[PDB]
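Each remark here refers to the structure printed beneath this line.
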Amino acid sequence: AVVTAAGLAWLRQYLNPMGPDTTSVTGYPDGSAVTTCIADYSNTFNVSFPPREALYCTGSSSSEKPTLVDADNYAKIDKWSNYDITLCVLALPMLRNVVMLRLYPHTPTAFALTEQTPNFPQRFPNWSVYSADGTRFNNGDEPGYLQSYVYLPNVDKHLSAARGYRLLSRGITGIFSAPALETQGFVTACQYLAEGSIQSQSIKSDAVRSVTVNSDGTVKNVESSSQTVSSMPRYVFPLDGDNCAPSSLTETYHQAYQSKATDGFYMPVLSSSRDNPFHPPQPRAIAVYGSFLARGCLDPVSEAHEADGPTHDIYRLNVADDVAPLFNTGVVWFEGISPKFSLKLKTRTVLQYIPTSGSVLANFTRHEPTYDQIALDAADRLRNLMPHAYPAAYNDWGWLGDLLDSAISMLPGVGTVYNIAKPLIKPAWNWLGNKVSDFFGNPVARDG
Amino acid sequence: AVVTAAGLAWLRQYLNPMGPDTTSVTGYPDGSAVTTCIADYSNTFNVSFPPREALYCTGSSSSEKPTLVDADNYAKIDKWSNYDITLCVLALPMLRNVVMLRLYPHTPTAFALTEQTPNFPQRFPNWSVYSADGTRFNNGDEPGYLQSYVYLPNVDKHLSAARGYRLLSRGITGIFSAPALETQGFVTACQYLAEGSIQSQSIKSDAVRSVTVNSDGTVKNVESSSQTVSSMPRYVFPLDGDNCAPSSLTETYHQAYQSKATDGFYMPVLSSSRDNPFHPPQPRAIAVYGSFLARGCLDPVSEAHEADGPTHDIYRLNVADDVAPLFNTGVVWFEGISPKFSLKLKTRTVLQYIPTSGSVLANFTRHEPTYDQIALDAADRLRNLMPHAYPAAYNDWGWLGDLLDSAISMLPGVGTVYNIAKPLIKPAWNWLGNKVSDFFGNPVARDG
Amino acid sequence: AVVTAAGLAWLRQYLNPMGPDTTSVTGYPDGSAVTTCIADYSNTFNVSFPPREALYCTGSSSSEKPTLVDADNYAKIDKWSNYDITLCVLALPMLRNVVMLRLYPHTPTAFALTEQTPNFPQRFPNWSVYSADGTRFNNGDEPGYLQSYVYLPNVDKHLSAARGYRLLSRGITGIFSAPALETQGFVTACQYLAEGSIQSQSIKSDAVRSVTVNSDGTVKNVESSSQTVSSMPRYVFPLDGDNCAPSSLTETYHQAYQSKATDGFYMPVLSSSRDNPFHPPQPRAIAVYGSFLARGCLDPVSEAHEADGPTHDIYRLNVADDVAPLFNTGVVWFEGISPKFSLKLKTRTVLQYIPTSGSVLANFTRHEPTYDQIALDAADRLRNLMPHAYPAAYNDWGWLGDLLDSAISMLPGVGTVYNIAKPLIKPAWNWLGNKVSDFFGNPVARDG
Amino acid sequence: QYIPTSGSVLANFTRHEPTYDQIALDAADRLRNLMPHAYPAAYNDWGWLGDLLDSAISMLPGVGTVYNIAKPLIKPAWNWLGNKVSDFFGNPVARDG
Amino acid sequence: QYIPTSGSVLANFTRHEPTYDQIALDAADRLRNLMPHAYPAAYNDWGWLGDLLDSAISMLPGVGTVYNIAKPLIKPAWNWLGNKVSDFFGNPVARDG
């Protein structure tokens, strides 16, 4: 009838993954009664404007040939460096490939994605170029943007050796810096659930046409294999790419975070569900789910037009991974950034494993199947009222824990002993105008 | 620890969508903290025996040609009009295409469905004819029944412009009338969860057979492409068509509603789940899930017979839509109806949207992310004890709200302050014999 | 605010399916308000070392020919009978085919499964032989192990005649015996959730190659159909076959049961979820989910290598069934068993039906849609702290019910009236060393 | 009721409480001669049945009686043709259909 | 505000509470002649508005008044050029931009 210590610790690391006090690492409070090993991956990447040597092309040029650097089309990308730029990060719930970095000459109207599968998507220090017309880039085209994946290798190496896993928490911090007199820019952050699923797109086969004209050979096998079948199963994410523009996100979600660029960001991605069960590792090809062109049988049609129905485009990412289901997809945008910026990305991913016998993880297990129902209910309660992100320097929340968690742990049901803990009001997170008030009306003087 | 006003209003519109007091429209009480726009679609259709001009044929006759009216086989359908008829409505959870109307010469043994995909299914004012042998109808066959879809166009137009949606409530009313001295007939209504899912049926490819007999041409590519693959993914509904006969529904479900025909009906379709999350629009081809013929590997067989296993027939509807998951499928039957009847269908569908930026919905948003846990728990509690339908004129329930909702809002957990609200007894909804008693023993004198 | 009698009875049969006091049969406490019929299937099988007449081969030898007995390779299996053996039973949640028996000459390193689909898997009295190299067995190979399915025919016959079903409880008892002076051996038991799903494996089509060399015939249709498509949908179980070795199971799960062989076993398989909804019968081909060989797009690759990505092997069982979702998969191992053993398997499967009108089940319905929330919460609570199995003779648990269920029914939320029921401690189930203590510290003197 | 044959289908549906109640049998034998042979098709859920008729008549058999007096029992008048129907306790029957 | 035409797009967005409030209309008619015609672009969220100005002026109309006295109302001085701005209750306006 009261939150335990372990449940409270889990709640604190789940809501504040990169808070300074989160030193101990604790598991999900459900009493799984299974030997588990919890791993904490902290990584840091200094991302800036890439030089030409780390810049490959995804077109059919690098199709069978390995990665092809840019044949000194880098002049156009220098032209980008003349003006201000835009930098998106997209944190899908994939376990490895923690985030997708993307660099634009200027803010796009939507999070476009190429129809054709790219060639050799590049891990972070390298980038891959895409054309301005939303197609893959071969040398001699017009570069549209740069893209890269931030890859955690230890996560792969450990996920190989595990019966099951579950993501405990994940946080991404964006310490931003730029030369003095060029600190201009804005930052926007938003989380939302993009519930992926294993789907296969609808494709067509090819009808064989043989015309034997020989004196005895007159078979004429004109049989039509050109029917509609299902492609490979892929894990498909329904992120509304057309609606991931910054302004749309700000006006849609009330917990979205906005600030000047120098504040950076700190996104503690949150689970969208209430239970977090173990899953066997299942690396699959990831794809992102587009829109449909032909209305098809959305209108009265014939049998022949049942096939070309509302089939949504599926954009292959050419990246395989296993995803943490029920976790929010995060996205931040930096607009009007000076091209000679410097973003220090810090990712902290803590996740639980069930070690496979004889594997490396077996030597690190740590056994307390603690149970705490109240912590889970409190997390489900708090999901809908935490801000989506905070300034990069905003850690060690005074309101968290002894105040917010305690005040909200008395609401669930009537599992309450303390009569009243503390009144809870609606916080006002106006970082742009320095009028920030936390959940209890206390103001927030600037700590950076 | 007490139901709010907004939660109560949502509960009232969810349980009584077409009640007279439901003037205000309110959203799902989960505090989604998202800019939302709630739309209320009220539609009315006067359905009667169709004339010949509004009656098309679905056979291969109208395959590439557009819809083909009946070549004055309408004499047989007049013969139908000689005797009494039967009228089914099937309310699947599809957002548009609110209901499926179907007209039978006499009550069928099951809700049959054609194996071959029909041609040009018709929106309500028009109908489409199907043969008596459970096949599509070409001119010169024996007509078996008529079918049509009741289509809401504004729902489509708005669903185009939305990031996400969720169905809040849906009600269907069936005001029935007929000439005096021909009021004879019966009405039956039942709801049940038919949990659809995205499935692909198993089909076969075609093996190519080339016999080059030329002096140098002797390739003989006899390779067999005749393997088993997966067809298009479709949203498949597991409605037991073989068991949707009226009598079976009455004897299976205790909340099923039965009455004389003149009472009409009023079905407030209910959600089968406890949470109602947003979903991106996903129009897919709808299909209904049949039964299997060949037992296949249900018995010890060889590899070659693994393929022809228990593959269930999938009946394509040739209709594309996106469905409200977790909502019950409703069905009503009118038996022994005078053929010159008149049914006024009134559908009220209220559903929430997340507007896309710049779309029309953006001008109508209305922002109060109210939270009310007790309302959700009360709805989950009440799901299993509300009647499936009421007489068409039975609105403004005295027992609802101040009595039923209040009495049942004290059960959940022990989140209770008022000591005792009101004893709750088992109601007796015997509309046929005029012995109706509500949830508190009060009787129901006839209001129509 | 207190557990009902019906809820308590359901809890007792769910946790102790084969306890002597479980005479009455009761349904799931959710108040489904549906006409239901509960069936109780109790079966007994005396399994021992099979003789040659009941021993078929699964290789391509018995491909189109029906089952083929062993062409007196039975000498090698007698050689097995010279030494000690190993006997696994694998209780997947399939409704019919209650368990899979498997016999090994000596303990394997993993629960291997053949890549090629076997021929004519045999029901229990017969067995099917598999080669030592993990392939199907034709006469003249090296036999690796024997396998059979324990099939319940009445379950099939009743599942044909039902709108919907749900598994209420299932227990498997393993009364073990052997000639005196040969009682040596060990027994291990473990349950774990293997959440299956309808998946289709990725396969390839075949590219047609026609070279018309005729004077007028020069078509040369070289079109490539050799693309990647999806195979048949199958219900796929993610059981970690590589990690089902006995020692790994013992060291992974803390509730795993270990004892000397003569103790037998008694596994009350438990649901892994909290709600148990009805489902329509859906017999599908069952398959077990393997591992992947080629890393594919787990590394930066080209489009052509997106196809050969991490595709996991799917082992077809050549058995069709419909499964009880959310129920644990059980597995027991008997090591070092004298080859002339005798295992009396007793399975009790109790499950609910919604009868189809006019079917046989309709004559046996029994209507009390009892509701009991507390029983469901108590079951969810108890899931994680019950032992996975008990000695075959350990029934009629004193601690169960009046003590364990009562003590734990006061924890959920604060729905508690009795101040304190009884302190609950951590039980110590050390059956090997005769130091067994139940949940309240009381010891367990040996009852057999 | 059935006694299932071993291995038959009925064996899977058995339901075991050999309840004994002598008073119910005596009450049924008593009531046999004074129940109407039929009722209108819509006449179910008899108010007089059970808590009133069965209780009132369960005290007659022998002297196996604890409650002093339950309720006086009169001769009902089932005149369905003329809408003058009175049940076993004089209460009238307004038409329910 | 709109009255939607049947079947039109607006019909899907209707929102029904025909609220009546006479006092609000009278207060608006009263306030029309004494509000400034415009304010500096950054001058929003008026402290004097509503709880002070509307409340103080809602007691004037007729004698439909319950609260004895709300707050004295003086003549504001909107001198934005010289930074000598005083609102309707004499409180000054320090520059917010």
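Ligands are numbered from 1 in the order shown, chains are lettered A, B, ... in the order of the structure tokens, and residues start at 1 in each chain.
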
**Prompt:** Per DSSP on the backbone, what are the helix (DSSP H, G or I) residues of stretch 294-409 of chain A, as a ChimeraX atom specification?
**Reply:** /A:296-298,303-305,360-364,373-383,404-408

Requested write-out: N, CA, C and O atoms of the selected residues, as a short mmCIF file (atom, residue, chain, number, x, y, z; two decimals), in the first residue's frame:
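part_33.cif was written with the following content:
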data_model
loop_
_atom_site.label_atom_id
_atom_site.label_comp_id
_atom_site.auth_asym_id
_atom_site.auth_seq_id
_atom_site.Cartn_x
_atom_site.Cartn_y
_atom_site.Cartn_z
N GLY A 296 -8.30 3.08 -55.36
CA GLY A 296 -8.64 1.68 -55.49
C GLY A 296 -10.06 1.42 -55.04
O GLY A 296 -10.99 2.16 -55.39
N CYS A 297 -10.25 0.38 -54.25
CA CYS A 297 -11.58 -0.02 -53.83
C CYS A 297 -12.15 0.85 -52.73
O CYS A 297 -13.13 0.46 -52.10
N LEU A 298 -11.57 2.02 -52.48
CA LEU A 298 -12.26 3.02 -51.69
C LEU A 298 -13.47 3.57 -52.41
O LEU A 298 -14.26 4.30 -51.80
N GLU A 303 -13.47 -6.32 -59.96
CA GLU A 303 -12.49 -7.19 -59.31
C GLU A 303 -11.09 -6.73 -59.65
O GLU A 303 -10.22 -6.68 -58.77
N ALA A 304 -10.85 -6.40 -60.91
CA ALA A 304 -9.51 -6.07 -61.36
C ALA A 304 -8.92 -4.89 -60.62
O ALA A 304 -7.70 -4.74 -60.57
N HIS A 305 -9.76 -4.04 -60.04
CA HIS A 305 -9.29 -2.88 -59.32
C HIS A 305 -9.33 -3.08 -57.81
O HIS A 305 -9.05 -2.15 -57.06
N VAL A 360 28.20 -14.41 -22.14
CA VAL A 360 28.91 -13.45 -21.31
C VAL A 360 27.99 -12.87 -20.25
O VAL A 360 28.37 -12.73 -19.08
N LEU A 361 26.75 -12.56 -20.62
CA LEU A 361 25.84 -11.92 -19.68
C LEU A 361 25.66 -12.75 -18.42
O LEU A 361 25.40 -12.20 -17.34
N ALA A 362 25.82 -14.06 -18.52
CA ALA A 362 25.60 -14.92 -17.37
C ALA A 362 26.51 -14.57 -16.20
O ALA A 362 26.18 -14.89 -15.06
N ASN A 363 27.64 -13.92 -16.46
CA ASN A 363 28.55 -13.60 -15.38
C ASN A 363 28.19 -12.33 -14.64
O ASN A 363 28.91 -11.95 -13.71
N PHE A 364 27.11 -11.66 -15.01
CA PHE A 364 26.82 -10.34 -14.46
C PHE A 364 25.42 -10.27 -13.87
O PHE A 364 24.96 -9.19 -13.51
N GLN A 373 3.50 -2.70 -7.46
CA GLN A 373 2.38 -2.32 -8.30
C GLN A 373 2.23 -0.81 -8.39
O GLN A 373 1.96 -0.27 -9.47
N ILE A 374 2.42 -0.13 -7.26
CA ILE A 374 2.16 1.30 -7.20
C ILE A 374 3.07 2.06 -8.15
O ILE A 374 2.66 3.06 -8.75
N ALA A 375 4.31 1.61 -8.30
CA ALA A 375 5.21 2.29 -9.22
C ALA A 375 4.70 2.22 -10.65
O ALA A 375 4.73 3.21 -11.38
N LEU A 376 4.20 1.05 -11.05
CA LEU A 376 3.67 0.92 -12.40
C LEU A 376 2.45 1.79 -12.61
O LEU A 376 2.33 2.48 -13.63
N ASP A 377 1.53 1.80 -11.64
CA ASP A 377 0.36 2.65 -11.78
C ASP A 377 0.75 4.12 -11.83
O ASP A 377 0.19 4.89 -12.61
N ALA A 378 1.72 4.52 -11.02
CA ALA A 378 2.17 5.90 -11.02
C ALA A 378 2.79 6.27 -12.35
O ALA A 378 2.61 7.39 -12.83
N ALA A 379 3.55 5.36 -12.95
CA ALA A 379 4.14 5.65 -14.25
C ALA A 379 3.06 5.82 -15.31
O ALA A 379 3.12 6.74 -16.13
N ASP A 380 2.07 4.94 -15.31
CA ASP A 380 0.98 5.05 -16.27
C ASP A 380 0.26 6.39 -16.09
O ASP A 380 -0.04 7.08 -17.07
N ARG A 381 0.01 6.77 -14.84
CA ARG A 381 -0.54 8.09 -14.54
C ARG A 381 0.33 9.23 -15.05
O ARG A 381 -0.19 10.18 -15.64
N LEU A 382 1.63 9.16 -14.84
CA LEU A 382 2.48 10.29 -15.16
C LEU A 382 2.78 10.41 -16.64
O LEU A 382 3.22 11.47 -17.08
N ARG A 383 2.56 9.35 -17.41
CA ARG A 383 2.92 9.37 -18.82
C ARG A 383 2.34 10.57 -19.55
O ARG A 383 3.01 11.20 -20.36
N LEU A 404 6.67 15.13 -6.85
CA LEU A 404 5.75 14.75 -7.91
C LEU A 404 5.31 13.30 -7.76
O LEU A 404 4.11 13.01 -7.75
N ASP A 405 6.26 12.38 -7.64
CA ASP A 405 5.91 10.98 -7.52
C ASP A 405 5.10 10.73 -6.26
O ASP A 405 4.14 9.96 -6.28
N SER A 406 5.49 11.36 -5.15
CA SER A 406 4.73 11.18 -3.92
C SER A 406 3.32 11.75 -4.05
O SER A 406 2.35 11.10 -3.65
N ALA A 407 3.20 12.94 -4.63
CA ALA A 407 1.88 13.55 -4.77
C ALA A 407 0.98 12.72 -5.67
O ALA A 407 -0.23 12.66 -5.47
N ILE A 408 1.57 12.07 -6.67
CA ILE A 408 0.75 11.34 -7.64
C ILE A 408 0.56 9.89 -7.27
O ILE A 408 -0.32 9.23 -7.83
#

Could you make a table, as CSV, of the residues of chain D that have an atom within 10 Å of an atom of chain B, each with its nearest atom pair and distance in Å to one decimal, counting only C-alpha atoms, in chain and number order?
residue,atom,partner,partner_atom,distance
D:41,CA,B:433,CA,8.8
D:42,CA,B:433,CA,5.3
D:43,CA,B:433,CA,7.7
D:44,CA,B:433,CA,8.7
D:45,CA,B:435,CA,8.8
D:95,CA,B:434,CA,8.9
D:96,CA,B:434,CA,5.3
D:97,CA,B:433,CA,5.1

**Message:** Select, as a ChimeraX atom specification, those residues of chain C with any atom no more than 7 Å from chain B (distances computed using only C-alpha atoms).
**Reply:** /C:31-35,63-64,117-122,205-206,209,212-213,229-232,283-285,318-321,356-357,415

Resulting file, chosen residues, N, CA and C atoms, as an mmCIF file, in the first residue's frame:
data_model
loop_
_atom_site.group_PDB
_atom_site.id
_atom_site.type_symbol
_atom_site.label_atom_id
_atom_site.label_comp_id
_atom_site.auth_asym_id
_atom_site.auth_seq_id
_atom_site.Cartn_x
_atom_site.Cartn_y
_atom_site.Cartn_z
ATOM 1 N N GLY C 31 -18.208 -12.498 -16.138
ATOM 2 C CA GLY C 31 -19.577 -12.126 -16.420
ATOM 3 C C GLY C 31 -19.846 -11.934 -17.892
ATOM 4 N N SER C 32 -19.427 -12.896 -18.710
ATOM 5 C CA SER C 32 -19.505 -12.727 -20.153
ATOM 6 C C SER C 32 -20.933 -12.626 -20.664
ATOM 7 N N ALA C 33 -21.916 -13.070 -19.888
ATOM 8 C CA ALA C 33 -23.321 -12.977 -20.282
ATOM 9 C C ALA C 33 -23.574 -13.686 -21.607
ATOM 10 N N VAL C 34 -22.931 -14.829 -21.788
ATOM 11 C CA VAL C 34 -23.071 -15.630 -22.992
ATOM 12 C C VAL C 34 -23.340 -17.063 -22.578
ATOM 13 N N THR C 35 -24.196 -17.735 -23.333
ATOM 14 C CA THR C 35 -24.448 -19.147 -23.102
ATOM 15 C C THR C 35 -23.181 -19.943 -23.367
ATOM 16 N N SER C 63 7.306 -40.385 -48.332
ATOM 17 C CA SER C 63 6.836 -39.088 -48.807
ATOM 18 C C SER C 63 5.445 -39.186 -49.410
ATOM 19 N N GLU C 64 5.318 -39.882 -50.531
ATOM 20 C CA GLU C 64 4.010 -40.097 -51.132
ATOM 21 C C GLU C 64 3.381 -41.384 -50.641
ATOM 22 N N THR C 117 10.126 -30.311 -43.550
ATOM 23 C CA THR C 117 8.872 -30.712 -42.943
ATOM 24 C C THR C 117 8.805 -32.230 -42.854
ATOM 25 N N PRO C 118 8.486 -32.791 -41.699
ATOM 26 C CA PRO C 118 8.424 -34.246 -41.580
ATOM 27 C C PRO C 118 7.208 -34.807 -42.291
ATOM 28 N N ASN C 119 7.238 -36.116 -42.488
ATOM 29 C CA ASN C 119 6.146 -36.852 -43.106
ATOM 30 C C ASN C 119 5.355 -37.608 -42.059
ATOM 31 N N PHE C 120 4.063 -37.368 -42.030
ATOM 32 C CA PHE C 120 3.154 -38.133 -41.202
ATOM 33 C C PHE C 120 3.615 -38.148 -39.756
ATOM 34 N N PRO C 121 3.587 -37.021 -39.058
ATOM 35 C CA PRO C 121 3.826 -37.060 -37.618
ATOM 36 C C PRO C 121 2.790 -37.948 -36.958
ATOM 37 N N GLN C 122 3.223 -38.726 -35.982
ATOM 38 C CA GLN C 122 2.396 -39.797 -35.463
ATOM 39 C C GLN C 122 1.774 -39.429 -34.126
ATOM 40 N N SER C 205 10.831 -16.870 -55.219
ATOM 41 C CA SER C 205 10.228 -17.437 -56.412
ATOM 42 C C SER C 205 11.335 -17.822 -57.391
ATOM 43 N N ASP C 206 10.955 -18.214 -58.600
ATOM 44 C CA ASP C 206 11.904 -18.723 -59.577
ATOM 45 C C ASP C 206 11.805 -17.954 -60.885
ATOM 46 N N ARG C 209 13.420 -18.500 -67.705
ATOM 47 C CA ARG C 209 14.501 -18.297 -68.674
ATOM 48 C C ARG C 209 14.142 -19.027 -69.965
ATOM 49 N N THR C 212 14.084 -18.414 -77.092
ATOM 50 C CA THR C 212 13.538 -18.785 -78.387
ATOM 51 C C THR C 212 14.575 -18.446 -79.445
ATOM 52 N N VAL C 213 15.075 -19.475 -80.119
ATOM 53 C CA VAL C 213 16.116 -19.339 -81.124
ATOM 54 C C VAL C 213 15.561 -19.549 -82.527
ATOM 55 N N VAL C 229 9.148 -13.356 -51.708
ATOM 56 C CA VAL C 229 7.753 -13.238 -51.345
ATOM 57 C C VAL C 229 7.554 -13.861 -49.970
ATOM 58 N N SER C 230 6.313 -13.837 -49.507
ATOM 59 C CA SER C 230 5.952 -14.409 -48.224
ATOM 60 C C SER C 230 5.260 -15.742 -48.427
ATOM 61 N N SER C 231 5.616 -16.708 -47.601
ATOM 62 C CA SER C 231 5.061 -18.044 -47.706
ATOM 63 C C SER C 231 3.670 -18.071 -47.092
ATOM 64 N N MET C 232 3.183 -19.269 -46.823
ATOM 65 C CA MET C 232 1.921 -19.425 -46.127
ATOM 66 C C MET C 232 2.001 -18.781 -44.748
ATOM 67 N N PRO C 283 -7.956 -23.286 -36.635
ATOM 68 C CA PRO C 283 -6.866 -24.240 -36.823
ATOM 69 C C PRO C 283 -5.924 -23.760 -37.912
ATOM 70 N N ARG C 284 -4.652 -23.634 -37.561
ATOM 71 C CA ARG C 284 -3.626 -23.203 -38.492
ATOM 72 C C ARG C 284 -2.448 -24.146 -38.386
ATOM 73 N N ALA C 285 -1.600 -24.131 -39.400
ATOM 74 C CA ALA C 285 -0.379 -24.908 -39.328
ATOM 75 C C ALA C 285 0.541 -24.305 -38.283
ATOM 76 N N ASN C 318 4.266 -29.700 -39.364
ATOM 77 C CA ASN C 318 3.312 -30.503 -40.118
ATOM 78 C C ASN C 318 2.138 -30.915 -39.244
ATOM 79 N N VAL C 319 1.758 -30.040 -38.327
ATOM 80 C CA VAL C 319 0.629 -30.271 -37.442
ATOM 81 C C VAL C 319 -0.212 -29.013 -37.421
ATOM 82 N N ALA C 320 -1.510 -29.166 -37.606
ATOM 83 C CA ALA C 320 -2.425 -28.043 -37.575
ATOM 84 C C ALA C 320 -3.197 -28.061 -36.275
ATOM 85 N N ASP C 321 -3.374 -26.887 -35.705
ATOM 86 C CA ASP C 321 -4.114 -26.750 -34.471
ATOM 87 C C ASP C 321 -4.396 -25.283 -34.242
ATOM 88 N N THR C 356 -22.433 -23.652 -30.862
ATOM 89 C CA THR C 356 -23.123 -23.293 -32.084
ATOM 90 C C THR C 356 -24.533 -23.854 -32.036
ATOM 91 N N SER C 357 -25.491 -23.087 -32.545
ATOM 92 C CA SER C 357 -26.881 -23.516 -32.504
ATOM 93 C C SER C 357 -27.055 -24.848 -33.218
ATOM 94 N N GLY C 415 -8.352 -3.141 -1.618
ATOM 95 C CA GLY C 415 -9.634 -3.798 -1.481
ATOM 96 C C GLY C 415 -9.580 -4.863 -0.408
#

**Asked** atom CA of residue B:160 and atom CA of residue B:286 are how many Å apart?
**Response**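 Going from atom CA of residue B:160 over to atom CA of residue B:286, I get 18.0 Å.
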
**Asked** Which neighbours of stretch 7-22 of chain D fall inside 8 Å, counting only C-alpha atoms, when residues of the same chain fewer than 2 positions from it are skipped, and could you give them as a list in words?
**Response**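 These residues fall inside the cut-off: residues 23, 24, 25, 38, 39, 40, 41 and 364 of chain C; 4, 5, 24, 25 and 26 of chain D.
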
Atoms kept (N, CA, C and O atoms) for selection, written as a short mmCIF file (atom, residue, chain, number, x, y, z; two decimals), in the first residue's frame:
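Just written: part-v8.cif:
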data_model
loop_
_atom_site.label_atom_id
_atom_site.label_comp_id
_atom_site.auth_asym_id
_atom_site.auth_seq_id
_atom_site.Cartn_x
_atom_site.Cartn_y
_atom_site.Cartn_z
N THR C 23 -13.71 -31.07 -8.04
CA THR C 23 -14.77 -31.89 -8.60
C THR C 23 -15.69 -31.07 -9.49
O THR C 23 -15.93 -31.42 -10.65
N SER C 24 -16.22 -29.96 -8.97
CA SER C 24 -17.03 -29.06 -9.77
C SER C 24 -16.16 -28.34 -10.79
O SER C 24 -14.97 -28.11 -10.58
N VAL C 25 -16.78 -27.97 -11.90
CA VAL C 25 -16.11 -27.27 -12.99
C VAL C 25 -16.78 -25.92 -13.16
O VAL C 25 -18.01 -25.86 -13.30
N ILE C 38 -18.88 -25.81 -20.54
CA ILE C 38 -17.52 -26.08 -20.10
C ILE C 38 -17.25 -27.57 -20.19
O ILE C 38 -17.99 -28.37 -19.63
N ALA C 39 -16.18 -27.93 -20.88
CA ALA C 39 -15.83 -29.32 -21.09
C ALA C 39 -14.54 -29.64 -20.35
O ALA C 39 -13.62 -28.82 -20.29
N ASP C 40 -14.50 -30.84 -19.78
CA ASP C 40 -13.38 -31.32 -18.98
C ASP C 40 -12.85 -32.60 -19.60
O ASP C 40 -13.50 -33.64 -19.51
N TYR C 41 -11.67 -32.53 -20.19
CA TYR C 41 -11.06 -33.67 -20.86
C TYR C 41 -9.97 -34.22 -19.97
O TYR C 41 -8.95 -33.55 -19.75
N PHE C 364 -25.75 -29.03 -23.34
CA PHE C 364 -25.02 -29.18 -22.09
C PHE C 364 -24.73 -27.83 -21.45
O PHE C 364 -23.98 -27.77 -20.47
N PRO D 4 -24.29 -40.83 -17.89
CA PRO D 4 -23.46 -41.02 -19.08
C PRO D 4 -22.87 -42.40 -19.13
O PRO D 4 -22.52 -43.00 -18.12
N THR D 5 -22.77 -42.93 -20.35
CA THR D 5 -22.01 -44.14 -20.58
C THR D 5 -20.53 -43.79 -20.65
O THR D 5 -20.16 -42.74 -21.18
N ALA D 24 -39.41 -30.58 -1.34
CA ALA D 24 -39.71 -30.18 -2.70
C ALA D 24 -40.58 -31.22 -3.40
O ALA D 24 -41.53 -30.87 -4.10
N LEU D 25 -40.26 -32.50 -3.21
CA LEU D 25 -41.06 -33.54 -3.84
C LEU D 25 -42.47 -33.55 -3.30
O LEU D 25 -43.44 -33.66 -4.07
N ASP D 26 -42.63 -33.44 -1.98
CA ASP D 26 -43.97 -33.41 -1.43
C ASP D 26 -44.75 -32.20 -1.93
O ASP D 26 -45.94 -32.30 -2.23
#

**Message:** If I take atom CA of residue B:76 and atom CA of residue B:262, how far is one from the other in Å, to one decimal?
**Reply:**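 Between atom CA of residue B:76 and atom CA of residue B:262 the gap works out to 27.1 Å.
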
**Item:** Residue contacts of residue E:87 (12 Å, only C-alpha atoms) excluding same-chain residues fewer than 3 positions away, as a ChimeraX atom specification
**Value:** /E:34-36,39,46-49,52-53,73-80,84,90-94

**Every residue of stretch 193-353 of chain C that DSSP places in strand (DSSP E or B), as a ChimeraX atom specification** = /C:197-204,228-237,253,257-260,266-269,271,279,284-292,312-321,323,327,329-337,342-353

Stretch 322-324 of chain C: which residues within 8 Å, counting only C-alpha atoms, same-chain residues fewer than 5 positions away excluded, as a PDB file with C-alpha atoms, in the first residue's frame?
ATOM      1  CA  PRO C  93      -0.432 -24.366 -25.772  1.00  0.00           C
ATOM      2  CA  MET C  94      -2.062 -26.220 -28.670  1.00  0.00           C
ATOM      3  CA  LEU C  95      -5.569 -27.312 -27.748  1.00  0.00           C
ATOM      4  CA  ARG C  96      -5.477 -30.742 -29.273  1.00  0.00           C
ATOM      5  CA  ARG C 166     -11.110 -20.266 -24.281  1.00  0.00           C
ATOM      6  CA  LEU C 167      -8.815 -22.488 -22.275  1.00  0.00           C
ATOM      7  CA  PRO C 281     -11.674 -21.684 -33.637  1.00  0.00           C
ATOM      8  CA  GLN C 282      -8.803 -21.072 -36.055  1.00  0.00           C
ATOM      9  CA  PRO C 283      -6.866 -24.240 -36.823  1.00  0.00           C
ATOM     10  CA  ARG C 284      -3.626 -23.203 -38.492  1.00  0.00           C
TER      11      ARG C 284
END
